[PDB]
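The chain that follows stands alone, in the form deposited in one PDB entry, written as structure tokens.
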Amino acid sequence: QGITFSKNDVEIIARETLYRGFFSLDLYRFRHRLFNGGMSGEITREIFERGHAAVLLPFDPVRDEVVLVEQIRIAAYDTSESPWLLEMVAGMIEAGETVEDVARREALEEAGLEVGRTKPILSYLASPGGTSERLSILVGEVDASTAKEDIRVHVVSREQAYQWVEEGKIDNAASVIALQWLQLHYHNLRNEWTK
């Protein structure tokens, strides 16, 4: 069951740089196997390359609270209520860094929070038709009574945060995914982290 093909079923002819700045835009030139047999001809796709990221949902299991960070994301401007988004702690992963190391470090730099235990939520591709970006989300144990780019730190109840997902007030993929996951898993998580 599940996916039909493997990495061996593609031929990446070229990854040609279209733009080289802080990030990159690459033209992938490739062929790939067809479900009915044989290979495609050459196909090209423009792919935004910005490396990958670690994401941390800071959850206080004693108080049933989430810590959110607020900062401007200018790309949200054209389609959003405001470009200041309420987000998860997150950071890009640089060479040799692990997801958990980045998540724990960014919790301290962005929320002023020390993380205790962590558990994986999931790792997802943000928009794989046009970008390679993968983001790996952890939930991290925090004490939301602990006090601390231009960031403002918010502490809200889990119920409020999830209601803001339902209402569309929180609508960035990382936060939606993490908070939907929390809504599905928080009972067991509180059990585990308050035992």
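Heads up: residue numbers just count along the shown sequence, starting at 1. C-alpha atoms forming the largest set that superposes within 1.5 Å between two forms make up the rigid core.
Visitor: What number of deposited residues lacks coordinates in the span between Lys148 and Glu149: none, 1 to 3, 4 to 9, or 10 or more?
Guide: Count of unmodelled residues in between: 4 to 9.
Visitor: On average, which has the higher Cα B-factor in the deposited entry, 123 to 131 or 139 to 147?
Guide: Averaging CA B-factors over each stretch, the winner is 139 to 147.
Visitor: Of the two stretches 67 to 75 and 97 to 105, which shows the higher Cα B-factor on average in the entry?
Guide: Stretch with the greater average CA B-factor: 97 to 105.
Visitor: Tell me, lowest, middle or highest third: where does the Cα B factor of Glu46 rank within its chain?
Guide: According to the entry, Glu46 has a C-alpha B-factor in the chain's middle third.
Visitor: According to the PDB entry, is the CA B factor of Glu114 in the bottom, middle or top third of its chain, that is, lowest, middle or highest?
Guide: As the PDB entry reports it, the C-alpha B-factor of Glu114 lands in the highest third of its chain.
Visitor: Within this chain, which third does the Cα B-factor at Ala54 fall in: lowest, middle or highest?
Guide: Middle third by C-alpha B-factor.
Visitor: Classify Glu16 as lowest, middle or highest third according to the C-alpha B-factor given in the PDB entry, relative to its own chain.
Guide: Highest third - that is where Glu16 ends up once the chain's C-alpha B-factors are sorted.
Visitor: So where's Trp181 on the chain's Cα temperature factor ranking, which third?
Guide: Lowest third, going by the recorded CA B-factors of the chain.
FYI, the form deposited in another entry isn't displayed, but the following is about it.
Visitor: Looking at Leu27, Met39, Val62, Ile43, which has a Cα shift of 2 angstroms or more between this form and the one not shown when the rigid core is held fixed?
Guide: The displaced C-alpha is that of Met39.
Visitor: Using a superposition on the rigid core, decide whether the Cα position of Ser6 changes by 2 angstroms or more between this form and the one not shown.
Guide: Yes, shifts by 2 Å or more.
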